[PDB]
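Worksheet: the structure to be examined is printed underneath.
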Amino acid sequence: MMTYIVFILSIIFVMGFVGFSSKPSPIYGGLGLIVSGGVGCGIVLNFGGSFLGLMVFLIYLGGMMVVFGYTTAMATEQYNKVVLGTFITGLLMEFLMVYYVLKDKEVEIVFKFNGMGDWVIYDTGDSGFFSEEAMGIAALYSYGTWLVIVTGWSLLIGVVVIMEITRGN
Amino acid sequence: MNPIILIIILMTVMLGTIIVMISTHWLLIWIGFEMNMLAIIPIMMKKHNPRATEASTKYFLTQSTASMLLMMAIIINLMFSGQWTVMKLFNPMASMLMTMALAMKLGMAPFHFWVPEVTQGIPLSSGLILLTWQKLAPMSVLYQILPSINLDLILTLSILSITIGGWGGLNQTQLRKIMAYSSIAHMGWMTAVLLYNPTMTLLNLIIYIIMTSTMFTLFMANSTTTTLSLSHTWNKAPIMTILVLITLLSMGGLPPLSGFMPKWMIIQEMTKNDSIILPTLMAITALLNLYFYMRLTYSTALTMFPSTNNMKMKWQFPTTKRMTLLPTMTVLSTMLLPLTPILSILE
Amino acid sequence: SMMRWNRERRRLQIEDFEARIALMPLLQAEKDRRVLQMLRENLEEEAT
Amino acid sequence: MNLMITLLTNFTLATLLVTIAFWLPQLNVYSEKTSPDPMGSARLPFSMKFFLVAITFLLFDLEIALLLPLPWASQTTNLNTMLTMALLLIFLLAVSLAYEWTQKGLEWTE
Amino acid sequence: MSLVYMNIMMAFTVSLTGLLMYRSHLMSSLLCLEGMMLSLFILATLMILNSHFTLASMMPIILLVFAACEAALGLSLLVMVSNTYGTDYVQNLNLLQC
Amino acid sequence: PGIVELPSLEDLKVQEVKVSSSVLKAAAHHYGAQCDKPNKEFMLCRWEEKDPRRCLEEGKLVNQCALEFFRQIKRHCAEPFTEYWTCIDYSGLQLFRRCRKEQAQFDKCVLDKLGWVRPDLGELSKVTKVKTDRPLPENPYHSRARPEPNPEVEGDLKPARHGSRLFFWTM
Amino acid sequence: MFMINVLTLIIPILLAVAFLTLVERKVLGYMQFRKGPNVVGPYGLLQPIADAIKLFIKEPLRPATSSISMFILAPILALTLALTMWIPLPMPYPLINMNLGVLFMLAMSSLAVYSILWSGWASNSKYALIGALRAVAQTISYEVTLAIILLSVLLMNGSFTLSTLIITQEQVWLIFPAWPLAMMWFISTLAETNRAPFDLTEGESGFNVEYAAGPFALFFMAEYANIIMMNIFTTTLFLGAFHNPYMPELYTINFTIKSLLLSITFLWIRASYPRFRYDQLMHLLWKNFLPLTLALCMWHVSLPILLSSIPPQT
Amino acid sequence: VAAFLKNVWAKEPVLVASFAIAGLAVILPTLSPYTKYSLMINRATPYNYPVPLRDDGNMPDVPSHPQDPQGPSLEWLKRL
Amino acid sequence: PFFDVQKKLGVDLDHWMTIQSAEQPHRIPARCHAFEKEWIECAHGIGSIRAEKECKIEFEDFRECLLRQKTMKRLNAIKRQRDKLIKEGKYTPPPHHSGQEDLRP
Ligand SMILES: CCCCCCCCCCCCCCCCCC(=O)OC[C@H](COP(=O)([O-])OCC[N+](C)(C)C)OC(=O)CCCCCCCCCCCCCCCCC
Ligand SMILES: CCCCCCCCCCCCCCCCCC(=O)OC[C@H](COP(=O)(O)OCCN)OC(=O)CCCCCCCCCCCCCCCCC
Ligand SMILES: CCCCCCCCCCCCCCCCCC(=O)OC[C@H](COP(=O)(O)OCCN)OC(=O)CCCCCCCCCCCCCCCCC
Ligand SMILES: CCCCCCCCCCCCCCCCCC(=O)OC[C@H](COP(=O)(O)OCCN)OC(=O)CCCCCCCCCCCCCCCCC
Ligand SMILES: CCCCCCCCCCCCCCCCCC(=O)OC[C@H](COP(=O)(O)OCCN)OC(=O)CCCCCCCCCCCCCCCCC
Ligand SMILES: CCCCCCCCCCCCCCCCCC(=O)OC[C@H](COP(=O)(O)OCCN)OC(=O)CCCCCCCCCCCCCCCCC
Ligand SMILES: CCCCCCCCCCC1=C(C)C(=O)C(OC)=C(OC)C1=O
């Protein structure tokens with residue numbers, strides 16, 4: 001069962017998505033999204049992407065969901081059947097999908113998926129004296145000149161836009 | 001709003017459209033789309049009233065949903081092809097998701113519900129910017145991926161857009177909602193002729209852009225947003241009544257005006273591929289667009305509605321608005337049929 | 001001080017990398033023989 | 001492997017300490033209290049200043065995410081291009097800060 | 001293909017159906033939208049890392065940056081409508097029916 | 001499709017260099033200096049053929065040369081090399097700068113016993129040239145025949161016959 | 001065997017926190033011309049034990065919380081994130097050797113504000129919520145300068161690994177080439193852990209006014225663990241010690257002395273100056289610290305290129 | 001132009017220091033003679049294998065052994 | 001419209017990312033470099049209509065490298081037959097497949 005760790009983490013990810021997507025309350029949705037983001041970062045880390053998972057923790061959770069919950073605290077003043085119904089039925093489709101995957105080791109819904117453990121797709125070689133994802137990200141200042149330019153311009157324009165529309169005049 | 005900040009934001013909108021047009025990478029297409037939408041949001045909220053914020057909220061939600069669907073299609077295509085070159089797609093699911101994302105961005109039916117409300121809630125100049133410039137990039141992306149487009153899906157979207165646009169515009173009295181439903185019908189025509197000859201789509205896009213620009217420019221020149229306020233124009237400037245009469249006749253596709261040429265060439269192209277029922281149905285449906293255009297011309301130019309007393313006070317002053325390019329697009333939208341073979345420059 | 005110590009560290013890194021470069025042909029040969037043995041054993045058990 | 005063992009140990013030690021801190025005076029039977037903020041029932045006033053500083057933090061955090069791979073990126077051969085792109089990114093950070101400064105964005109929470 | 005791909009597609013579909021059916025609040029719609037982006041992040045990152053596409057490793061960072069700027073714009077719009085009406089309910093954004 | 005061909009288990013049989021990583025790292029520079037020719041021949045065969053089954057014999061020769069290198073080390077300089085790889089093996093990152101004294105002792109011993117000189121900086125990272133007798137693989141990717149290209153444009157451009165030929169237009 | 005390492009990491013943290021309370025009381029007393037506790041034990045050595053037992057037999061407040069879930073969860077997160085920010089610290093060998101330990105620490109520090117947010121929202125008091133929102137805004141606004149300063153300092157290191165930070169300072173201390181970054185980093189870490197002259201929640205409602213005495217003690221213990229951790233991180237960054245690979249006790253004693261001196265400097269700071277206003281510290285950050293941090297970041301990007309002193313990647 | 005600098009250095013010294021440091025950082029790497037050393041130090045670091053070339057017969061520059069005189073040299077790095 | 005500004009101007013704004021078999025930093029190869037190279041050397045210069053039919057086997061090999069459905073299916077069938085034979089009791093696993101091999105290097 002330890003070879004299925006990424007699969008189990010993906011199950012927790014989709015279960016948290018069902019939980020927060022039922023919309024019980026905006027703050028509880030934010031809490032469920034935080035938990036789901038943590039589990040997804042765990043998936044990425046177990047796949048080998050340390051830098052991208054730590055970006056998820058630093059920017060998505062520590063930097064942006066803070067803003068979401070901060071805005072949620074400035075509205076939605078503090079103190080159902082639908083929420084419980086959709087949570088129950090989403091859990092039902094999820095566990096039915098898991099049972100159909102693991103019983104026959106193959107499934108088709110829109111694409112064809114295989115029920116074996118996901119350690120099979122990994123590469124048998126070593127990367128030498130560097131990590132491949134860090135070199136790929138580090139090539140942004142040497143190769144991605146145009147990407148840097150358009151992203152920075154969009155960020156500055158976003159600052160200008162937010163300052164423009166919240167003024168009220 | 002600062003003039004310099006307005007200039008920077010408008011060049012950011014055009015920069016996003018250019019980035020979509022010139023790039024060979026799917027991520028750059030996505031980046032250009034978000035840059036364009038983020039920059040165009042403050043143009044909608046120039047006046048700061050609750051209607052503008054409501055329209056901006058609905059526009060933001062629709063464009064964000066369409067953008068997420070587009071990214072989903074791109075990621076599926078990368079998964080099934082291993083590359084990002086903007087060309088034909090290698091998965092029917094990716095093609096369907098991208099086609100519906102571009103349909104949501106264009107506002108074609110049944111994703112049309114945001115267009116009239118958004119056009120109504122924003123000023124005339126921002127509505128002109130939206131309905132004219134915002135549609136250059138999704139049609140370019142559609143122009144790049146036609147080997148992967150499902151024919152049944154795009155033809156269903158086209159006929160649904162034409163019928164829903166005509167039936168929707170039959171009931172409106174506000175000018176911006178009429179322009180929105182007219183836009184929906186014209187995008188139905190454009191994506192109807194897309195898979196047979198995209199040059200006809202480019203020609204229809206250019207002609208619709210010119211006609212819409214002329215009509216919106218006349219609207220802001222006279223500062224009219226309703227039917228009756230437009231009907232007051234005969235007692236202020238009758239030359240504008242003549243101009244709106246000829247432009248609305250040309251918008252209905254009546255020969256020998258320049259609006260006849262797009263549907264004429266579209267019907268010419270569709271019959272070469274042994275499709276006869278659809279061009280007849282689209283012409284019969286475009287008769288409804290002609291109907292509410294003719295109702296507008298009745299209320300404005302061919303009759304004299306009663307005016308009020310203060311029109312004399314308005315007589316004593318001349319206009320000073322910068323009606324930019326208004327005679328040029330007025331001429332180019334009515335007397336361009338003898339230059340029909342000029343469409344070969346677009347191939 | 002940082003300039004002198006970082007230049008020395010760069011020289012040490014170059015020495016370490018060139019030691020690895022001298023080593024790794026033998027590791028490449030061993031890895032190739034090992035993966036060929038694994039494939040042969042799996043093929044024989046698949047035949048069984 | 002060892003990392004998630006340590007994470008589980010820290011989580012279970014924290015939840016053990018919190019459980020003992022909660023439920024130990026629960027075993028006491030002290031009393032029952034009726035108890036019948038300076039504002040009584042006033043609505044929370046919506047302030048644009050706190051939202052503005054939150055959004056400014058978010059945007060600067062995004063440009064920080066862009067700036068993060070500089071120690072790895074300094075090892076490239078194309079040093080002139082990397083230096084120019086790094087200086088351009090931090091210059092855009094400074095320009096956004098200056099635009100917030102001049103248009104009274106940092107006002108009454110300076 | 002693999003299994004975690006199926007789970008991430010189903011997570012994206014769940015977040016999409018959550019966004020496409022509003023309950024009461026606009027904030028829940030924004031949360032569903034950002035969960036959709038997070039699922040896109042995980043899917044693209046797993047595909048790029050498994051395919052050993054080195055130069056594509058910069059894409060999820062740009063995706064995160066652009067969609068978080070999108071979310072900042074959406075939060076500003078939500079704050080504006082909350083200042084207008086006193087709450088962020090989606091039933092108060094119905095003036096443009098007429 | 002086809003049946004993948006694998007060498008028999010007797011063809012993969014060779015006696016191994018059964019030494020640890022720090023033992024390899026201590027004499028790495030001298031191994032690169034002394035046993036360079038069969039290593040570079042094997043690497044050229046590997047990067048050219050793109051198939052380990054075509055480089056099995058070169059790898060076997062690499063093993064033989066490395067084994068003889070370590071036998072020659074053992075004959076004369078067993079004790080200083082043993083101390084050197086011991087103090088290399090103590091370190092967590094296996095640093096070369098924590099064992100300079102024993103390195104100098106081993107280098108001096110092997111210089112006066114075997115005449116070996118360690119390479120300087122950048123020498124082992126050079127690109128060398130290899131004289132081999134095996135022929136170059138003319139088609140190493142096993143690619144099949146490429147599709148024939150379309151015929152291109154030839155001839156001068158002439159005006160259109162009777163213009164556009166679009167309905168009634170005579171131009 | 002590894003659980004022994006985990007336990008001997010995490011139990012001395014709590015012991016050092018309790019004796020940090022005692023040391024701060026005694027040092028503030030001797031700095032205010034008086035004595036600290038010296039009656040409960042010999043020189044007050046039994047004061048934390050008595051105070052802990054008293055706080056753990058105190059009556060709970062039993063509030064009318066809006067959500068008991070996050071009311072439980074906020075001290076859980078505070079204590080877990082206080083204890084989990086010690087595992088990549090080299091002492092001189094980290095318990096969990098991380099390739100990206102510095103950025104892992106940044107992620108945990110950025111994640112630490114949810115305890116403040118949930119403690120503010122769980123309490124029914126609106127003034128408590130307002131105080132929590134102000135504290136969260138100050139915390140994230142100083143996260144910004146923490147990130148820029150750490151990024152600019154790391155350009156002399158060459159990687160995000162915390163163990164290489166000892167190797168970099170093998171020649172000279174890193175406070176010599178980066179002392180303005182050291183001063184700004186020290187003030188930013190002082191304002192990061194909500195300490196004087198930035199502890200606005202004690203000046204005129206805290207974010208945990210409705211919390212019981214036990215959970216309040218847990219929050220305060222997490223804050224003190226954060227203080228010790230930040231001072232150890234600052235010592236590793238700027239005041240690196242001599243590490244003999246055969247005698248690790250030399251490095252352990254050296255950085256222990258330096259980090260204790262830095263924490264005593266924290267207590268020395270807290271009893272010298274008046275508190276800031278909210279807008280005054282926002283002015284100090286957005287208009288004083290941030291432009292100089294950006295200028296020094298550009299300087300420390302462009303400097304190792306012009307000096308031919310790029311640190312090695314590995 | 002001259003009294004403006006004195007006034008702005010008496011009034012906002014933090015911004016003067018920030019702008020001066022920024023100007024130094026942006027004009028000094030184009031002026032220093034050690035940038036080329038950084039370039040050829042970064043490009044002389046051996047990350048991957050130096051794959052040998054098949055000897056056709058005409059390569060006098062390419063060495064047949066690492067200790068051969070021909071080839072790139074790092075004596076400039078050893079001295080500096 | 002697809003205005004090829006990059007080819008007209010000679011700039012390279014996004015072609016470096018556009019394929020996986022392109023110039024990658026530190027000469028790092030991808031998992032399916034060879035298959036993608038063969039497919040591109042097919043499809044170049046013949047249009048999409050001819051390349052969708054002429055050497056489709058290169059694209060099938062590329063897709064099999066990318067997603068590996070056939071290899072997964074073959075491994076599933078082999079393991080299923082092994083499980084059936086193990087449960088029915090007519091197959092004994094070898095020592096080297098049970099962790100008692102003492103691997104080569
Ligand atoms: C870790 C090592 C130890 C660190 C220090 C620990 C002990 C010292 C503790 C001090 C007291 C701490 C408590 C109070 C904290 C809050 C107050 C505070 O810090 O305010 C900061 C104050 C705030 O400034 P301010 O508010 O006074 O500024 C006035 C601004 N107006 C007019 C708009 C109101 O100063 C700074 O922010 C400066 C930061 C450090 C600057 C370093 C510059 C280095 C030199 C650059 C070059 C200069 C020459 C010119 C250019 C040459 C180019 C070649
Ligand atoms: C294959 C095709 C590829 C692409 C080919 C090229 C396509 C071109 C598309 C043009 C799109 C035009 C978009 C709308 C105008 C943009 C400029 C703008 O911002 O105008 C609005 C602006 C607002 O200013 P304000 O003063 O607030 O106005 C309110 C009234 N007082 O200012 C005003 O309101 C001033 C009043 C006059 C405005 C006149 C604008 C005319 C623009 C259209 C010209 C004709 C179309 C272009 C040429 C033909 C292209 C096919
Ligand atoms: C990493 C290191 C951490 C160290 C943490 C602790 C630091 C401080 C250590 C202790 C310092 C000295 C404390 C002395 C306490 C008083 C001892 C004493 O004499 O108590 C007498 C009292 C009454 O006695 P009685 O018999 O009534 O007298 C009549 C006779 N004429 O009798 C009583 O009160 C009853 C008996 C009390 C005995 C108390 C003994 C000390 C308890 C210390 C607790 C912590 C110990 C260390 C734990 C961590 C290390 C293992
Ligand atoms: C089954 C049998 C066991 C049952 C459970 C009991 C466990 C042991 C509990 C502690 C020992 C019991 C006796 C407690 C003290 C009683 C005697 C007393 O009152 O001594 C007073 C004396 C100081 O005299 P004082 O009145 O303060 O005079 C001031 C100076 N003029 O005081 C002193 O000199 C110091 C007294 C120190 C008391 C012991 C040390 C503290 C408690 C340590 C253990 C519990 C806490 C462990 C750590 C928890 C985490 C912080
Ligand atoms: C309200 C809910 C409860 C709240 C309290 C509890 C949760 C919050 C507090 C704890 C936070 C834990 C964060 C864990 C991830 C941190 C990043 C990380 O693991 O970095 C270390 C390392 C990457 O570094 P590197 O050196 O590259 O790896 C070794 C390379 N040779 O990576 C590795 O070594 C990878 C090891 C395998 C993968 C580990 C996956 C861990 C489990 C998933 C996440 C768990 C937390 C989920 C909840 C988040 C918050 C809600
Ligand atoms: C070109 C170099 C590189 C540039 C890019 C990198 C920049 C790094 C630093 C980023 C700083 C970002 C924020 C800048 C804000 C400047 C505008 C400003 O604050 O103006 C207002 C201020 C007067 O203050 P006040 O209006 O009262 O505001 C309340 C605070 N007292 O006004 C002032 O105090 C006057 C500020 C303007 C004049 C400053 C002159 C400094 C000259 C230093 C020596 C020359 C350095 C070389 C560069 C050329 C500079 C012109
Ligand atoms: C495992 C539990 C260990 C004991 C709990 C932490 C140590 C006790 C702290 C008590 C305390 C002391 C001494 C204290 O002096 C103090 O004043 C600043 C507090 O805050 C009001 C305290 O909470």
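Each chain in the structure tokens gets a letter, A, B, ..., in the order shown, and its residues are numbered from 1; ligands are numbered from 1 in order too.
Residues surrounding region 3-20 of chain E within 6 Å are residues 7, 10, 14, 21 and 113 of chain A; 29, 32, 36 and 39 of chain E [only C-alpha atoms; sequence separation below 6 positions excluded].
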Atoms to include: N, CA, C and O atoms. Write the selected residues as a compact mmCIF listing (two decimals), in the first residue's frame.
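Result file is again00.txt:
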```txt
# COMPACT_ATOMS: atom_id res chain seq x y z
N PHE A 7 -1.24 7.95 -5.37
CA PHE A 7 -2.65 7.69 -5.64
C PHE A 7 -3.53 8.03 -4.45
O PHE A 7 -4.59 8.66 -4.61
N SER A 10 -3.79 11.72 -4.20
CA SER A 10 -4.73 12.23 -5.19
C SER A 10 -6.18 12.01 -4.76
O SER A 10 -7.05 12.85 -5.04
N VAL A 14 -8.89 15.08 -4.35
CA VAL A 14 -10.21 15.17 -4.97
C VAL A 14 -11.31 15.16 -3.91
O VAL A 14 -12.36 15.79 -4.09
N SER A 21 -16.01 22.35 -2.73
CA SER A 21 -16.82 22.73 -3.88
C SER A 21 -18.32 22.65 -3.59
O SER A 21 -19.11 23.15 -4.39
N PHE A 113 -7.73 4.97 -18.52
CA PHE A 113 -6.80 5.04 -17.41
C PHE A 113 -6.49 3.64 -16.92
O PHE A 113 -7.32 2.73 -17.01
N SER E 29 -17.84 31.22 -5.63
CA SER E 29 -17.50 31.13 -7.05
C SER E 29 -16.02 31.40 -7.29
O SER E 29 -15.37 30.69 -8.07
N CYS E 32 -14.04 28.37 -6.15
CA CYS E 32 -14.12 27.29 -7.13
C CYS E 32 -13.23 27.57 -8.34
O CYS E 32 -12.57 26.66 -8.86
N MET E 36 -9.97 25.41 -9.56
CA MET E 36 -9.75 24.98 -10.94
C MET E 36 -8.33 25.30 -11.39
O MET E 36 -7.67 24.46 -12.04
N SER E 39 -5.89 22.81 -9.78
CA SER E 39 -5.89 21.52 -10.47
C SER E 39 -5.12 21.60 -11.79
O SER E 39 -4.40 20.65 -12.15
```
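Within 9 Å of region 83-96 of chain I there are residues 41, 45 and 48 of chain C; 78, 101, 102 and 103 of chain I, counting only C-alpha atoms and ignoring same-chain residues fewer than 5 positions away.
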Mind writing the picked residues with N, CA, C and O atoms as a compact mmCIF listing (two decimals), in the first residue's frame?
```txt
# COMPACT_ATOMS: atom_id res chain seq x y z
N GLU C 41 16.38 -11.25 -17.48
CA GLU C 41 15.72 -12.04 -16.45
C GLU C 41 14.20 -11.91 -16.53
O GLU C 41 13.47 -12.90 -16.41
N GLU C 45 11.49 -14.95 -17.34
CA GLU C 45 10.35 -15.27 -16.49
C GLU C 45 9.02 -15.06 -17.20
O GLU C 45 8.05 -15.76 -16.92
N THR C 48 8.47 -18.13 -19.04
CA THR C 48 7.99 -19.18 -18.15
C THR C 48 6.51 -19.00 -17.81
O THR C 48 5.77 -19.98 -17.73
N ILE I 78 0.69 -9.50 -17.90
CA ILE I 78 1.71 -10.40 -17.37
C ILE I 78 1.53 -10.59 -15.87
O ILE I 78 1.57 -11.72 -15.36
N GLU I 101 19.17 -11.58 -4.69
CA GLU I 101 19.99 -11.64 -5.89
C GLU I 101 21.39 -11.09 -5.73
O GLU I 101 22.29 -11.55 -6.44
N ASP I 102 21.61 -10.13 -4.81
CA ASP I 102 22.90 -9.47 -4.60
C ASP I 102 23.43 -8.87 -5.90
O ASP I 102 24.40 -9.34 -6.50
N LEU I 103 22.72 -7.82 -6.34
CA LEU I 103 22.87 -7.18 -7.65
C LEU I 103 24.31 -6.82 -8.02
O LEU I 103 25.16 -6.65 -7.15
```
Within 10 Å of chain G, which residues of chain F show up when using only C-alpha atoms, listed as a ChimeraX atom specification? /F:90-92,98
List the neighbours of residue 76 (chain D) out to 12 Å using only C-alpha atoms; skip same-chain residues closer than 2 positions along the sequence, and give me the result as a ChimeraX atom specification. /A:135-143 /D:69-74,78-83 /G:305,310,312-313 /H:38-45,47 /I:25-26
Practice problem: Pull out every residue of chain B that has at least one atom within 9 Å of chain F, counting only C-alpha atoms, and report them as an MDAnalysis selection string. | Solution: chainID B and resid 338 340:341 344
One residue among H:54, H:11, H:65, H:36 is nearest to ligand 6 when using only C-alpha atoms and all ligand atoms, and that residue is H:11
Residues of chain I within 6 Å of chain E, counting only C-alpha atoms, as an MDAnalysis selection string | chainID I and resid 30 67 69
Write to file, as a CSV table (one decimal), in the first residue's frame, the residues of the selection just made, with C-alpha atoms.
```csv
chain,number,residue,atom,x,y,z
I,30,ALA,CA,13.9,14.4,-22.8
I,67,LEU,CA,1.6,8.0,-22.7
I,69,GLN,CA,-0.7,2.6,-22.7
```
With a cut-off of 8 Å and counting only C-alpha atoms, select all residues of chain C in contact with chain F and give the selection as a PyMOL selection string.
chain C and resi 11-12+14-16+18-23+25-26+29-30+32-33+36-37+39-40
Report as a count of residues only all protein, DNA and RNA residues lying within 9 Å of region 101-104 of chain F, evaluated on only C-alpha atoms, omitting residues in the same chain fewer than 2 positions from it.
14
Within 10 Å of ligand 4 (counting only C-alpha atoms and all ligand atoms), which residues show up? I'd like them as a short mmCIF file (atom, residue, chain, number, x, y, z; two decimals) with C-alpha atoms, in the first residue's frame.
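Okay, this is what ended up in selection.cif:
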```cif
data_model
loop_
_atom_site.label_atom_id
_atom_site.label_comp_id
_atom_site.auth_asym_id
_atom_site.auth_seq_id
_atom_site.Cartn_x
_atom_site.Cartn_y
_atom_site.Cartn_z
CA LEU G 14 9.83 23.56 25.12
CA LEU G 15 12.37 23.58 27.96
CA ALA G 18 10.03 28.10 29.56
CA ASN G 38 14.01 34.98 43.27
CA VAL G 39 11.54 33.68 45.89
CA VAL G 40 9.83 30.71 44.22
CA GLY G 41 13.14 28.87 43.82
CA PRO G 42 16.88 29.50 43.98
CA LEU G 46 11.19 27.06 39.80
CA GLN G 47 9.08 29.93 38.41
CA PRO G 48 8.18 28.38 34.98
CA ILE G 49 7.03 25.14 36.63
CA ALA G 50 4.71 26.94 39.05
CA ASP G 51 3.41 29.24 36.31
CA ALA G 52 2.75 26.33 33.94
CA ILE G 53 0.86 24.32 36.57
CA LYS G 54 -1.20 27.39 37.53
CA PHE G 56 -3.00 24.41 33.33
#
```
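Of the listed residues (A:124, A:78, A:86, A:50), A:124 comes nearest to chain C; the distances count only C-alpha atoms.
The coordinates place CA of residue 325 (chain B) at 25.6 Å from CA of residue 302 (chain B).
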Of B:180, B:211, B:220, B:13, the one nearest to residue 324 (chain B) when counting only C-alpha atoms is B:220
### Task
Could you give me, as a ChimeraX atom specification, every polymer residue with an atom at most 6 Å away from an atom of ligand 2, counting only C-alpha atoms and all ligand atoms?
/B:125,128-129,132-133,202,206,210,213,217,220,322-324 /I:1
Give me the residues of chain B that have any atom at most 8 Å from an atom of chain E; for each, the nearest atom pair and the distance in Å, rounded to one decimal. Use only C-alpha atoms, sort by chain and number, and format it as JSON lines.
```
{"residue": "B:27", "atom": "CA", "partner": "E:59", "partner_atom": "CA", "distance": 7.8}
{"residue": "B:31", "atom": "CA", "partner": "E:66", "partner_atom": "CA", "distance": 7.5}
{"residue": "B:34", "atom": "CA", "partner": "E:66", "partner_atom": "CA", "distance": 7.3}
{"residue": "B:38", "atom": "CA", "partner": "E:70", "partner_atom": "CA", "distance": 7.3}
{"residue": "B:50", "atom": "CA", "partner": "E:84", "partner_atom": "CA", "distance": 6.8}
{"residue": "B:51", "atom": "CA", "partner": "E:95", "partner_atom": "CA", "distance": 6.8}
{"residue": "B:53", "atom": "CA", "partner": "E:81", "partner_atom": "CA", "distance": 6.7}
{"residue": "B:54", "atom": "CA", "partner": "E:93", "partner_atom": "CA", "distance": 5.8}
{"residue": "B:55", "atom": "CA", "partner": "E:96", "partner_atom": "CA", "distance": 7.7}
{"residue": "B:56", "atom": "CA", "partner": "E:77", "partner_atom": "CA", "distance": 7.7}
{"residue": "B:57", "atom": "CA", "partner": "E:77", "partner_atom": "CA", "distance": 6.3}
{"residue": "B:60", "atom": "CA", "partner": "E:74", "partner_atom": "CA", "distance": 7.2}
{"residue": "B:64", "atom": "CA", "partner": "E:33", "partner_atom": "CA", "distance": 7.9}
{"residue": "B:65", "atom": "CA", "partner": "E:33", "partner_atom": "CA", "distance": 7.5}
{"residue": "B:68", "atom": "CA", "partner": "E:37", "partner_atom": "CA", "distance": 7.1}
{"residue": "B:71", "atom": "CA", "partner": "E:40", "partner_atom": "CA", "distance": 7.6}
{"residue": "B:72", "atom": "CA", "partner": "E:40", "partner_atom": "CA", "distance": 6.9}
{"residue": "B:75", "atom": "CA", "partner": "E:44", "partner_atom": "CA", "distance": 6.3}
{"residue": "B:79", "atom": "CA", "partner": "E:47", "partner_atom": "CA", "distance": 6.7}
{"residue": "B:117", "atom": "CA", "partner": "E:96", "partner_atom": "CA", "distance": 5.3}
{"residue": "B:118", "atom": "CA", "partner": "E:96", "partner_atom": "CA", "distance": 7.9}
{"residue": "B:120", "atom": "CA", "partner": "E:96", "partner_atom": "CA", "distance": 7.0}
{"residue": "B:121", "atom": "CA", "partner": "E:96", "partner_atom": "CA", "distance": 6.6}
```
